[PDB]
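S.K.: sequence, then the experimental structure. Questions to follow.
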Amino acid sequence: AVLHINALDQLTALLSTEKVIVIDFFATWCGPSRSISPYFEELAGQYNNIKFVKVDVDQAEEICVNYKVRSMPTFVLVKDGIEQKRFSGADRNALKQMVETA
Amino acid sequence: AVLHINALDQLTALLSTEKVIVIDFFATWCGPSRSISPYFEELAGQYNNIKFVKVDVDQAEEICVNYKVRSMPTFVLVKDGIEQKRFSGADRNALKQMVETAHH
């Protein structure tokens, strides 16, 4: 399943204990394009070896501060505790690539 | 119960005529907009002394510009012709406060 985290220490602890995490900083509103959240959930169900985490930017101020989130959605790939890659935008291709190469 | 308005001069005339208005900027292609749309419409029945309006962002560019709406759903409270409050996102509780605290 998709994880739902809003507390920094819980995210930080996840990053310690799992190997590959893809974070989706999302909002309960859309901008220029439809939500990619169904595709994120679909990818979560295909790559059980990766932890897929959704972080509601309107509920996780501390994480958004720490991670320097400026726009939504922002997707961050983290391996072995360290950030590998991030992009912003509701872009199915970019998300697939990130997951593919995780 | 819920007025649908995509022209700027039409909205502005409404807002120059009615005392209290809550506007819902929506996109049918936006999941969270769909989710709360039902509740907005429910609330529109419930509170009869507030004019409830939907503006489709795909049909309402000039309105989206004057209002600086770039996200949906965005709800805006206008009272006595002045914008009082706004918020974006499908948060049913925020919408209730707004509707309740119209200061009526």
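M.R.: Here it is on my side, so go on. Numbering: from 1, shown residues only, chains lettered A, B, ... in the order given.
S.K.: what sits against the residue sitting furthest away from the middle of chain A?
M.R.: Most distant residue from the mean C-alpha position of chain A: residue A:32, 18.9 Å away (Cα atoms, centre = their mean). Shown in contact with residue A:32 (Cβ atoms under 8 Å, 6 or more residues apart in numbering or on different chains): A:90, B:70. (Each C-beta comes from the backbone N, C-alpha and C, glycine too.)
S.K.: tell me how far it lies from residue B:33.
M.R.: Separation of residue A:32 from residue B:33 (Cβ to Cβ, to the nearest Å): 14 Å.
S.K.: next one: residue A:79
M.R.: 35 Å.
S.K.: and for residue A:62?
M.R.: Distance, residue A:62 to residue B:33, by Cβ to Cβ: 28 Å.
S.K.: what of residue A:39?
M.R.: On the measure of Cβ to Cβ, residue A:39 and residue B:33 end up 18 Å apart.
S.K.: please apply the same query to residue A:80.
M.R.: Distance from residue A:80 to residue B:33, by Cβ to Cβ: 39 Å.
S.K.: since we're on residue A:41, how many residues are nearby?
M.R.: 15 (other Cβ atoms under 10 Å in any protein chain shown).
S.K.: could you report the neighbour count for the residue lying closest to it once chain neighbours are set aside?
M.R.: Distance criterion Cβ to Cβ, 6 or more residues apart in numbering or on different chains; nearest residue to residue A:41, sequence neighbours excluded, is residue A:2 at 5.6 Å. Neighbourhood size, residue A:2 [other Cβ under 10 Å]: 15.
S.K.: just residue A:90 next, same as before
M.R.: Quick note: residue A:90 (other Cβ under 10 Å) scores 21 neighbours.
S.K.: which residues does it contact?
M.R.: A:30-36, A:73 are the contacts of residue A:90 under Cβ under 8 Å, 6+ apart.
S.K.: residue nearest the centroid of chain A?
M.R.: residue A:23 (1.6 Å).
S.K.: excluding chain neighbours, what is closest to it?
M.R.: residue A:76 (4.3 Å).
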